[PDB]
There are 2 protein chains.
Amino acid sequence: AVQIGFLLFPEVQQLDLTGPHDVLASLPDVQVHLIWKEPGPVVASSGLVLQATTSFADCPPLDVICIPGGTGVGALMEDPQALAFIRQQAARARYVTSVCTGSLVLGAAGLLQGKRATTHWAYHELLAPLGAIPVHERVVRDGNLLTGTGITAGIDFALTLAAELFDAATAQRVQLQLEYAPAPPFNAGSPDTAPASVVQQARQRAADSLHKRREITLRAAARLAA
Amino acid sequence: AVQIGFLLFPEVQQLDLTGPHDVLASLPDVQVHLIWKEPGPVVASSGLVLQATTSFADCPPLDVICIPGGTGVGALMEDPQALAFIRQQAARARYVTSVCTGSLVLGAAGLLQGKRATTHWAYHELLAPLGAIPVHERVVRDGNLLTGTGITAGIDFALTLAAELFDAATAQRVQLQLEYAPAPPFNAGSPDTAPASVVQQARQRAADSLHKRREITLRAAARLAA
């Protein structure tokens with residue numbers, strides 16, 4: 001059975017995780033794990049309560065690891081237990097993936113050094129200090145690393161993973177079973193397509209968070225420099 | 001505060017719910033409820049454990065009600081307590097919505113009689129016996145009823161609801177904050193675009209479920225005829 005693991009942490013953006021989870025859980029011969037320091041409740045940034053299924057120590061060797069994003073990324077970037085677990089699993093995983101600001105956690109773990117990667121548009125300037133080559137594309141692959149942008153990036157890249165782990169017909173069947181054919185009613189999902197006034201509002205709303213994450217990123221980079 | 005409620009039931013397809021939940025929970029002055037017979041754990045069809053936040057009796061009057069789909073829809077179609085709750089809330093709600101096979105629950109509750117509606121492609125033949133005018137479109141509106149197809153239909157229609165409850169700039173801001181710009185790597189999300197061989201596989205995999213739901217639908221229609 002293919003072993004797929006998601007890191008589940010306080011203040012996660014739950015859709016970053018629950019989207020790819022439902023897609024990948026639809027495949028045959030897959031086991032999906034929700035990983036934290038111990039099994040039990042973990043609260044997402046919206047207040048939704050999820051349940052971790054396994055601890056770091058008990059998690060099996062993973063074929064796929066996925067790091068979601070969210071408000072809670074700042075704490076994770078300085079959590080030595082979580083970063084060590086990610087490094088251990090990434091060493092043998094076939095795929096190391098992230099959604100949105102989850103790539104900043106991969107960066108803090110040292111896994112983006114010299115690698116092409118993306119992250120959420122408002123935090124993209126934090127990739128270079130973590131050693132990455134920043135790329136402004138929705139899905140960026142570099143070897144076995146796959147970083148994606150957008151709250152539903154993991155739905156789309158989960159179909160890619162399905163095709164590579166199984167075959168294209170299997171990925172197509174899952175897409176059809178889920179009737180997955182999105183059609184957003186607005187075209188404001190990128191700073192390059194949204195109205196300038198909307199970009200301004202979104203930027204100011206993110207400013208305090210970006211400021212705090214600049215400080216965290218510099219401490220995380222100092223640890224990588226040692 | 002706008003009151004938004006999702007029905008959370010055993011064997012729900014969790015993404016049908018968790019997608020619109022994360023979008024709508026991002027709006028100001030909204031309270032989101034996960035409703036079942038009592039607060040506590042509810043297991044989705046994938047094994048993911050969610051937590052209902054309120055009972056039927058304690059739920060406030062809702063401005064928006066959303067019925068997700070999933071395997072568990074068959075039991076709900078013959079659950080008189082759940083159907084009565086849905087009817088009560090739909091009477092005063094500004095919007096009555098569903099995702100995927102959730103529209104079959106609205107049908108069992110009598111809320112599709114004479115109304116245009118859609119549902120999951122493999123179960124679409126069950127709409128007419130529940131009194132609906134079946135429509136093969138991804139989002140179908142009829143008055144204050146909005147039925148959508150696809151595991152992520154609620155993400156897209158949540159942006160529509162945001163624009164109507166607030167304004168277009170608010171919907172655009174949420175889309176940008178979430179960097180929501182999907183781009184599926186395959187084009188098999190409809191029986192009209194998927195390869196015929198994939199459609200066949202998906203149809204045979206759904207056949208036992210469709211057979212059981214034909215039986216349930218006929219009993220539900222008999223109750224509406226009384």
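A, B, ... follow the sequence lines: proteins, then strands. Residue 1 opens every chain. These numbers come from the heavy atoms of this one structure, side chains and all, not from hydrogens, waters or symmetry mates.
Of all the listed residues (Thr53(A), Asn187(A), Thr193(A)), the one sharing the greatest number of non-hydrogen pairs under 4.5 Å with chain B is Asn187(A). With respect to chain B, the highest number of heavy-atom pairs below 4.5 Å among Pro195(A), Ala206(A), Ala194(A), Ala169(A) belongs to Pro195(A). Comparing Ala44(B), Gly47(B), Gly19(B), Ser197(B) by how many heavy-atom pairs each has under 4.5 Å with chain A, the most go to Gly19(B). Among the candidates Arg203(B), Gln13(B), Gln201(B), the residue making the largest number of heavy-atom pairs closer than 4.5 Å to chain A is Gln13(B). Most heavy-atom pairs under 4.5 Å with chain B: of the set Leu159(A), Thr170(A), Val174(A), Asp16(A), this distinction falls to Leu159(A).
Here the shortest heavy-atom pairing between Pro182(B) and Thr152(A) reads CB-OG1, 4.4 Å. The heavy-atom pair separating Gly189(B) from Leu176(A) by the smallest distance is C-CD1, 4.2 Å.
In this structure, chain A has heavy atoms under 4.5 Å from both the backbone and the side chain of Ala188(B). Using a 4.5 Å cut-off between heavy atoms, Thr160(B) contacts chain A through both its backbone and its side chain. Neither the backbone nor the side chain of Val32(B) has a heavy atom closer than 4.5 Å to any heavy atom of chain A. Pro191(B) touches chain A through backbone and side chain together, each having a heavy atom under 4.5 Å away. For chain B, the nearby part of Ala25(A) is the side chain; its heavy atoms alone come within less than 4.5 Å. For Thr18(A), the parts lying under 4.5 angstrom from a heavy atom of chain B are both the backbone and the side chain.
Side-chain atoms of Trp121(A) never come within 3.5 Å of backbone atoms of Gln177(B) as a donor-acceptor pair (strictly under, hydrogens ignored). At least one donor-acceptor pair closer than 3.5 Å links the side chain of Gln175(B) to the backbone N or O of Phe186(A).
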task = Starting from the C-alpha separation in whole Å, work towards a yes-or-no answer on side chain to side chain contact (heavy atoms under 4.5 Å, CB included) for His21(A) and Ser46(B).
result = CA-CA 9 Å; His21(A) 186 285; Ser46(B) 66; 3.7 Å; yes
key: Check against side chain to side chain contact (heavy atoms under 4.5 Å, CB included), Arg173(A) and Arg205(B)   = CA-CA 10 Å; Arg173(A) 180 175 55 77; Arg205(B) 284 162 189 267; 3.5 Å; yes
task = Starting from the C-alpha separation in whole Å, work towards a yes-or-no answer on side chain to side chain contact (heavy atoms under 4.5 Å, CB included) for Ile151(A) and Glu179(B).
result = CA-CA 6 Å; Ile151(A) 193 161; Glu179(B) 201 164 6; over 6 Å; no
request  = Mind running side chain to side chain contact (heavy atoms under 4.5 Å, CB included) on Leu48(A) and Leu34(B) for me, showing each step along the way?
outcome  = CA-CA 9 Å; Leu48(A) 190 75; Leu34(B) 299 170; 3.3 Å; yes
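Atom OH of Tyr180(A) sits about 9.0 Å away from atom CG of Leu15(B), to the nearest 0.5 Å. Atoms CG and OG, from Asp22(B) and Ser45(A) in turn, are 6.0 Å apart once rounded to the nearest 0.5 Å.
Heavy atoms from other residues, nucleotides or ligands lying under 6.0 Å from CD of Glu38(B) number 12 at most.
Side-chain contact check for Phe157(A) versus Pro185(B): every heavy-atom pair is 4.5 Å or farther apart.
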